[PDB]
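> Got a structure for you, questions after.
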Amino acid sequence: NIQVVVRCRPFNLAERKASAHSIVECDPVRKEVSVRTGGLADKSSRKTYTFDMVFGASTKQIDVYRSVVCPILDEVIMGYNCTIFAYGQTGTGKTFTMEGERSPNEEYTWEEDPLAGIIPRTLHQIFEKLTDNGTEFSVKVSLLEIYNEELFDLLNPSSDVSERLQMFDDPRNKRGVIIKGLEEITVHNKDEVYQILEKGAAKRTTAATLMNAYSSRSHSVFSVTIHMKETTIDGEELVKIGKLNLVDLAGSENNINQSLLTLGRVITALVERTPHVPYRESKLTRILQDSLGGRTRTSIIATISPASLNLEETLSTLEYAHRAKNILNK
Ligand SMILES: CN1CC[C@H](N(C)C(=O)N2CC(c3cc(F)ccc3F)=C[C@@]2(CO)c2ccccc2)[C@H](F)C1
Ligand SMILES: Nc1ncnc2c1ncn2[C@@H]1O[C@H](COP(=O)(O)OP(=O)(O)O)[C@@H](O)[C@H]1O
Ligand SMILES: [Mg+2]
């Protein structure tokens, strides 16, 4: 059930000018990825894997958004809960896929930037798809990040990062938590998206100075909750509630990341049909417990490098991502 797509990234300038030979190959139509585990391009040993979708270095943001995100957003907009994770080693494109970047030289507007990733495209699309149509709706976002088993709010402008939040269990709905003091910001219009992300980015900078390897070691959860009162062309009024969580995981490479470790152990228990699934063992899996063998529609985007130096890590990531194909939820 859980859908797992692989995204390979392009070689950088340091790799192009250093004449880099991709040890990776992608077959979208065959949904397959091949990794040369040794030897030459003349003759070689290769390892093959089959996923739910595969995107090669040539894949653009728009490609990923139309192919994977738009269908998930329609489900959220149907009153569903969905979650998408970006998993992979540092330098492979987790943040790039989830948030994207800006085109150089102030070339574009944030709505047009071909470099924009999932989070920005998604927030812009919600206001598109709903505004036109006859829908009443509010949009709330929160940005909850985990570093060394502590919780931070990257959107609260009244508090500074160093203030960690407390998490408790939800006495109402089992298998869910309440995070005390976490800000939920209302996005009044599309021209409110940008400044929200501007503020999160800003705070991220301070978090980064307060904590070592922050961008590499933290897990970030950006959630958009949609409240809709849709009045069909007829006159019916459907009240729906959707939540999409977008998770940029800490680098997969290997102190200890308890949330990463637990995540991997939760997948193992799920796919090996073990009675005990160790959710409670980390903040992340407690937060996102419903996304793992829960009533949530989840997708994993595994990001790999094409360079030869990263073979062991890309192998490790493919292997990890293949296994999660066997987790049944919803
Ligand atoms: C000086 N400032 C100029 C603007 C800058 N900025 C806001 C951004 O460009 N973004 C932050 C972001 C994002 C930030 C979060 F906290 C959480 C989630 C997210 F998706 C996405 C992108 C960058 O890839 C983006 C790329 C494309 C379109 C919009 C935004 C930043 F403020 C520096
Ligand atoms: N699919 C991609 N296309 C183009 N550049 C990419 C892609 N994936 C990653 N990159 C680049 O690789 C670098 C590290 O990427 P980043 O998104 O920060 O990854 P991570 O969050 O996994 O550590 C950045 O320079 C980003 O420009
Ligand atoms: Mg990152």
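> Tell me which trypsin sites (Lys or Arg not before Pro) from the range 16-117 have a DSSP coil assignment and no more than 13 other beta carbons within 10 Å of their own.
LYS17, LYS43, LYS60, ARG102
> FRET efficiency for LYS229 and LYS330, Cβ-Cβ distance as r, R0 = 25 Å, nearest 0.05?
0.50
> A follow-up question, please. Is it possible to state the helix-based mean residue ellipticity at 222 nm for the chain, with each DSSP H run of 4+ residues giving -39500 (n - 2.57), the sum divided by total residues, to the nearest 500 deg cm²/dmol? What is it?
It lands at -7500 deg cm²/dmol.
> Compute the distance in nm between two label points, each set 7 Å from the Cα along the Cα-to-Cβ direction, one at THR209 and one at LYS180.
3.0 nm
> Now a separate question. At a Förster radius of 51 Å, what calculated FRET efficiency corresponds to the Cβ-Cβ distance of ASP160 and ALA14, to the nearest 0.05?
Rounded to the nearest 0.05, the efficiency is 0.90.
> If you stretched the chain out fully between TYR108 and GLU136, how much longer would it get, using 0.36 nm times the residue separation minus the C-alpha to C-alpha distance?
7.1 nm
> Ranked by Cβ crowding within 10 angstrom, fewest neighbours first, how are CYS8, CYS26, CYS70 ordered?
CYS70, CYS26, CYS8
> Subtract the Cα-Cα distance of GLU75 and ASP169 from 0.36 nm times their separation in residues, and report this length gain in nm to one decimal.
31.1 nm is the gain from fully extending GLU75 to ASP169.
> Kindly flag which residue pairs out of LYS94/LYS243; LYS174/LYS203; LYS31/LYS94; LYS190/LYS330; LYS229/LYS283; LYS94/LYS199 have an alpha-carbon separation exceeding 25 Å in this structure.
The pairs that break the limit, which is 25 Å between Cα atoms, are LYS174/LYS203; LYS190/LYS330; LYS229/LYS283.
> With N set to the residue count of the chain, report its C-alpha Rg divided by 2.2 N^0.38 Å to two decimal places.
Scaled against compact globular proteins, the figure is 1.00.
> Which value, in debye to the nearest 20, gives the size of the charge dipole of the range 90-233 about its Cα centre, when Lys and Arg are +1 and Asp and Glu are -1 at the Cβ?
With only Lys, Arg, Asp and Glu charged at Cβ, the dipole is about 580 debye.
> Per-residue counts of other Cβ atoms within 10 Å, averaged by peptide: what ranking do you get for 212-220, 105-113, 290-298, highest first?
Peptide ranking by packing, descending: 290-298, 212-220, 105-113.
> What whole number of Å gives the distance from the Cα centroid of the range 184-262 to the Cα centroid of the range 26-69?
28 Å
Neighbour counts are summed over all protein chains in view; Cβ atoms, including those assigned to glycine, are modelled from backbone coordinates with ideal geometry. Readers should treat all values here as calculations from the given coordinates under stated rules, not as data from a laboratory.
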